[PDB]
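**Q** My structure is below; once you've seen it, I'll send some questions.
Cβ atoms come from the backbone with ideal geometry, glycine included; neighbour counts cover every protein chain shown. What follows is calculated from the coordinates using simple rules that are stated; it is not laboratory data.
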Amino acid sequence: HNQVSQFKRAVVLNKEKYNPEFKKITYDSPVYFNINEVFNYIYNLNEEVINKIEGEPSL
Amino acid sequence: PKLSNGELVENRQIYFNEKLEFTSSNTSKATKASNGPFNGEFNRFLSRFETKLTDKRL
């Protein structure tokens, strides 16, 4: 379930930031999204470390 | 919630009348400002909802 969800999120984000004109741009939309950015997106999600230092927000 | 340009806002009824643009987040000085509970959480909702309202099919 988590991989399916994250795949949908990555495809949607890449689709929108690459095809800004389309409004109802969804997961099944036949618009050019590339897979190298998706693979790197999944790679960076695998090693995410959130900063818990007081003061600055948790990023 | 204070608009800080014309005057502060007492109730929330006037939000329905028109859209409002507020001041900066400050995060300093006496005017601490500080973001609201729902500040920016509704990101895609506005886009798709205005897409629905502007659609000619419905």
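**Q** Name the single residue, out of those in region B:30-40 being more than 14 Å from chain A (Cβ to nearest Cβ) and surrounded by 10 or more Cβ atoms within 10 Å (Cβ to Cβ), that is farthest from A:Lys23 (Cα to Cα).
**A** Looking at residues that are more than 14 Å from chain A (Cβ to nearest Cβ) and surrounded by 10 or more Cβ atoms within 10 Å (Cβ to Cβ), I get B:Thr31.
**Q** Something else now. Sort out which residues of region B:30-40 are part of a loop (DSSP other than H, G, I, E, B) and at positive phi, and write them in order of number.
**A** B:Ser34, B:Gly40, listed by residue number.
**Q** Can you find a residue that is in contact with a helix residue (DSSP H, G or I) (Cβ under 6 Å, 6 or more places away or on another chain) and hydroxyl-bearing (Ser, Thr, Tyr) anywhere in region A:29-37?
**A** Among the residues of region A:29-37, not one is in contact with a helix residue (DSSP H, G or I) (Cβ under 6 Å, 6 or more places away or on another chain) and hydroxyl-bearing (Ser, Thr, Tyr), which makes the answer no.
**Q** Confirm whether A:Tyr27 is over 10 Å from the mean Cα position of the chain (by Cα) and either part of a loop (DSSP other than H, G, I, E, B) or of a type in the set (A, V, I, L, M, F, W, C) (or both).
**A** yes
**Q** Now, a different point. If you check A:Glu48, A:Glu16, A:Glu56, which single one turns out to be part of a loop (DSSP other than H, G, I, E, B) and within 14 Å of chain B (Cβ to nearest Cβ)?
**A** A:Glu56
**Q** While we're here: Only one of A:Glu47, A:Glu16, A:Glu54, A:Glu21 is free of Cβ contacts under 8 Å to residues at least 60 places away in the same chain, under 16 Å from B:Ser47 (Cβ atoms) and exposed (fewer than 11 other Cβ atoms within 10 Å of the Cβ); which?
**A** A:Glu21
Let's see how each residue does on (1) within 14 Å of another protein chain (Cβ to nearest Cβ); (2) surrounded by 11 or more Cβ atoms within 10 Å (Cβ to Cβ); (3) in a loop (DSSP other than H, G, I, E, B):
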residue	(1), (2), (3)
B:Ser4	no, yes, yes
B:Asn11	no, no, yes
B:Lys19	no, no, yes
B:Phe22	no, yes, yes
B:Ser28	yes, no, yes
B:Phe42	no, no, yes
B:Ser47	yes, yes, no
B:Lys52	yes, yes, no
B:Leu58	yes, no, yes
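Let's see how each residue does on (1) of a type in the set (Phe, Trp, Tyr); (2) within 28 Å of B:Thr51 (Cβ to Cβ):
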{"position": "A:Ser5", "(1), (2)": "no, yes"}
{"position": "A:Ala10", "(1), (2)": "no, yes"}
{"position": "A:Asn19", "(1), (2)": "no, yes"}
{"position": "A:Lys24", "(1), (2)": "no, yes"}
{"position": "A:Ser29", "(1), (2)": "no, yes"}
{"position": "A:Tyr41", "(1), (2)": "yes, yes"}
{"position": "A:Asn44", "(1), (2)": "no, no"}
{"position": "A:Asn51", "(1), (2)": "no, no"}
{"position": "A:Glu56", "(1), (2)": "no, no"}
